[PDB]
Amino acid sequence: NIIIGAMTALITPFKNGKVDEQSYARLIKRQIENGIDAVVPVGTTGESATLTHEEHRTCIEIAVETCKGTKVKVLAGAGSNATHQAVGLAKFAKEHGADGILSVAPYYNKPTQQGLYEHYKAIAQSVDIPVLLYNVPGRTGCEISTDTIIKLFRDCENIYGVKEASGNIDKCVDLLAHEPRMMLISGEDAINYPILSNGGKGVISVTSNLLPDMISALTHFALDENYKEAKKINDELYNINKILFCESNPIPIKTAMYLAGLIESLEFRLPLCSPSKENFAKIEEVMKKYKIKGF
Amino acid sequence: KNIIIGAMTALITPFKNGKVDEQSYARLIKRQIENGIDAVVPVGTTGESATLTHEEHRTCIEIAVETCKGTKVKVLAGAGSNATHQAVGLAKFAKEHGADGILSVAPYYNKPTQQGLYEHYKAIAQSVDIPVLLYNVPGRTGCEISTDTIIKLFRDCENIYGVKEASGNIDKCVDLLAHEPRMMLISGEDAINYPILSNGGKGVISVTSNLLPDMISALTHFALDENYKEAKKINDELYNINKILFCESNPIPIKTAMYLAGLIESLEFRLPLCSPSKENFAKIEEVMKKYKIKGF
Ligand SMILES: N[C@@H](CCCC[NH3+])C(=O)O
Ligand SMILES: N[C@@H](CCCC[NH3+])C(=O)O
Ligand SMILES: [Mg+2]
Ligand SMILES: [Mg+2]
Ligand SMILES: [Mg+2]
Ligand SMILES: [Mg+2]
Ligand SMILES: [Mg+2]
Ligand SMILES: [Mg+2]
Ligand SMILES: [Mg+2]
């Protein structure tokens, strides 16, 4: 009971300071039509931190409704640094038809490994849908160790793998060498192919917001062990993959989506804001080397 | 600028049966007042700000204000958020409910740029007319307020008067006060309270003072009075407890020590925080034995 394949950490478009729900649905339809296997509403890339709890819930509902009647799954963002709120989001996602949840390691409060284990156990015990852990220490200030990930995978029936955003291919080897049944998911676009070629089973991508067909193809080639073709795409995408992090994600990806005419306004919620003019121009220049699908 | 400086405590938040123990909270604050503390910080990191509800966060600020009323002790209310709209809401609440100023941690998790940090804190500072202390703790937030950004905020915004630094970076503390000597640099790292004060820092926002308020207030007051020999003496004596209070993530050790000292009833955290390991529980207990812990 897993959610794998090519997946997108959806941006959240704003219009006049509110979630633009029509644009959100339209962007999801564009992901579906370009080979994406699942969408992740309200992850880091979707500005989870600055949505209200009601908006967070609305974006999950829009993703569920938009994916009905399709093969595309909804892996709902449900993380929180307070376990009671992470349980509440997990339950909401279950009750409102998500296929599974993503759940980021608690940020700012730096729980111990024992606390992370208890956090995730509480979340997994609250629902009967798949739970994907999400490790991104550069943002949270903590790491879910390999031992803790493996213990959670083995001890909790619905915890099925981890999204790694840690720049640590050693850890990816460690994870799958000791627990080959888990689903390791790339959370770092530039190294999608290395993670997949070591037996990772999907990506939760920032770049796919802009280039969903390319990330889709990369992932599906790799899962088929067509590594030459997957690597070729990974290699081709390196420049855009890296420029999308020239400032904190999702500042560059929303900039690119705006430059591509895919969102109406380059609008963030504070404390996120527009990139520098110089970075804005760098992103624009890198984009010229890629074919960007429209609607 | 109006300022809040001196010896300050990042209050722990005691829980009882899963709720804030409001009587214990007030009792702990009165104990801080009686041991020379200059201000208290309700609902900082040490107060488990992340896992209190917005209502509990507000109640703890109100208890601090009421308990300090009529004493000279100030309330520098924890008001940070990684969402600017919520940081503004907490700032306004603290202003409207009688806090003397606010602490406001740099946004965690979403990694704003320096421009975003500037706009975040400008919005906060413009929303109130009480002092605002920035708070940099990159190991927990994932971002750093640069020296340049702190100094610009200090110069551009009337209310922003300094920063609590929890960054292990005495070079930055020199940089800050060499280029902007008018700001109030506040130590947010107990083990290096004395180095920060001796370079012209003007107070501490302390974890250790929860347990040893008299020692931390004395350390700070000796230093402000330029008795560096005596401030260093206490800083040195406190190193072992200062370090053991971070053997696991703060506030796990300090709540453990407060419980071991009989100062709180229950060793209760909100998940994802939890009890320390049995080894670290014993280590904290052992280190505490070398210090004289004031009662109530
Ligand atoms: N700003 C808070 C609340 C987010 C609520 C919706 N995801 C946080 O980052 O945890
Ligand atoms: N857990 C959320 C909400 C805290 C609300 C009370 N301080 C955060 O850390 O931002
Ligand atoms: Mg809205
Ligand atoms: Mg999440
Ligand atoms: Mg790490
Ligand atoms: Mg890397
Ligand atoms: Mg095939
Ligand atoms: Mg091949
Ligand atoms: Mg704060």
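Atoms within a ligand are numbered from 1 in the order they appear, just like the ligands themselves. Below, chain A is the first sequence line, B the second, and so on; all start at residue 1.
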- Flag yes if more than 12 heavy atoms outside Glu95(A) fall under 6.0 Å of its CD atom; otherwise flag no.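 Yes, because the 6.0 Å sphere around CD of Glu95(A) holds more than 12 heavy atoms from other groups.
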- Does atom CG of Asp156(B) have more than 12 heavy-atom neighbours, drawn from other residues, nucleotides or ligands, at distances under 6.0 Å?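 Yes - once you tally the heavy atoms of other residues, nucleotides and ligands closer than 6.0 Å, there are more than 12.
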- So what's near the Mg ion (ligand 7), protein N, O or S atoms under 2.8 Å?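 Listed by chain and number: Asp224(A) OD2.
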- Message: Looking at ligand 1, would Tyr107(A) count as a contact under a 4.0 Å heavy-atom criterion?
- Response: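 Yes, that is the case, since the closest heavy atom of the residue is under 4.0 Å from the ligand.
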- Message: For ligand 1 and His53(A), I'd like to know whether there is a polar contact (N/O to N/O, distance under 3.5 Å).
- Response: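 By distance alone, the answer is no.
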Considering only heavy atoms from C-beta outward, does the side chain of [X] approach that of [Y] to under 4.5 Å?
{"X": "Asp190(B)", "Y": "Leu245(B)", "result": "no"}
{"X": "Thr12(A)", "Y": "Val19(A)", "result": "yes"}
{"X": "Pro272(B)", "Y": "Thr51(B)", "result": "yes"}

- Query: Could you go step by step and tell me if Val128(B) and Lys92(B) meet the side-chain contact (heavy atoms from CB on, under 4.5 Å) rule?
  - Reply: CA-CA 6 Å; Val128(B) 297; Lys92(B) 291 173 67 85; 4.2 Å; yes
- ligand 1 versus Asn82(B), non-hydrogen atoms closer than 4.0 Å: side chain, backbone, both, neither?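 It is the side chain that gets close, since no backbone atom is under 4.0 Å.
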- List for me each residue that meets salt bridge (charged side-chain N to carboxylate O under 4.0 Å, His left out) alongside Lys163(A), sequence neighbours excluded, and say none if there are none.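 Expected list: none.
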- Message: Looking at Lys74(B), is its backbone amide N or carbonyl O close enough to the side chain of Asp100(B) to form a donor-acceptor pair, meaning the two atoms are under 3.5 Å apart?
- Response: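 Such a contact is absent between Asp100(B) side chain and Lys74(B) backbone.
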- Task: Using a strict 4.0 Å cut-off to heavy atoms of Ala49(A), name the atoms of ligand 1 that fall inside it.
- Result: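 Counting from 1, the qualifying ligand atoms are 1 (N), 2 (C), 4 (C), 9 (O).
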